[PDB]
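Student: Chains from the complex, first installment, not repositioned:
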Amino acid sequence: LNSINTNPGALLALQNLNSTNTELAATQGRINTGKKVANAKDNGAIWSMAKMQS
């Protein structure tokens, strides 16, 4: 409301900005490595099939 101690709106805006930052970091990863699933964290199943294929 009119609270001075805690304002929710900065918290919501920071959550949105943090989501934007994480997805931007994911695009930075996909760009710098050229691989949509560069490691097991991206997708363990597809990464395992690709590792056996390689």
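Tutor: Thanks, I have it. Numbering: from 1, shown residues only, chains lettered A, B, ... in the order given.
Student: okay, CA-based contacts and neighbour counts for the rest of this
Tutor: Will do.
Student: State the distance from residue A:2 to residue A:8.
Tutor: Applying CA to CA, to the nearest Å, the value for residue A:2 to residue A:8 is 10 Å.
Student: higher neighbour count, these two?
Tutor: Between residue A:2 and residue A:8, residue A:8 has the larger neighbour count (other CA atoms under 10 Å), namely 10 against 6.
Student: quick one: which helix or strand includes the residue sitting nearest the centre point of chain A?
Tutor: Centroid-nearest residue in chain A: residue A:22, 3.6 Å away (criterion: CA atoms, centre = their mean). Assigned by DSSP states H and E, residue A:22 falls within helix A:8-33.
Student: Buried residues of the next helix or strand after that helix, list them for me.
Tutor: Later in the chain than helix A:8-33, the nearest helix or strand by DSSP H and E is helix A:44-53. Neighbour-count burial for helix A:44-53 flags residue A:47 (criterion: 16 or more other CA atoms under 10 Å).
Student: Kindly incorporate the sequence below as chain B:
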Amino acid sequence: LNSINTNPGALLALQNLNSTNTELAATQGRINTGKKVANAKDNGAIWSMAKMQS
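Tutor: Putting chain B together with the chains above:
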């Protein structure tokens, strides 16, 4: 009535001014702290709830 030893009306005026002074002090606390339940005396149940939540 016409007594000079004591005048009740001044006592009632002092009582109303004291009530105004307590309301003003409560407003000063609500302003400088920013909390309507800053301590246990404002409301013990809401204060304990907020304390456990924090």
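Student: that older thread, with residue A:10 as the reference, measure out to the residue nearest to the centre of chain A.
Tutor: 18 Å.
Student: Then residue A:34?
Tutor: 35 Å.
Student: Could you check how many residues crowd around residue A:4?
Tutor: 10 (other CA atoms under 10 Å in any protein chain shown).
Student: roughly how far is stretch A:31-41 from the heart of the chain?
Tutor: Averaged C-alpha coordinates place stretch A:31-41 at 13 Å from its chain's average position (CA atoms, centre = their mean, to the nearest Å).
Student: Contacts for that stretch, please.
Tutor: With contacts defined as CA atoms under 8 Å, 6 or more residues apart in numbering or on different chains, stretch A:31-41 is touched by A:30, A:42-43, A:46-48.
Student: let's see it at 6 Å
Tutor: A:30, A:47 (CA atoms under 6 Å, 6 or more residues apart in numbering or on different chains).
Student: Which parts of that stretch count as buried, going by neighbours?
Tutor: Residues of stretch A:31-41 classed as buried: residue A:37 (neighbour count, 16 or more other CA atoms under 10 Å in any protein chain shown).
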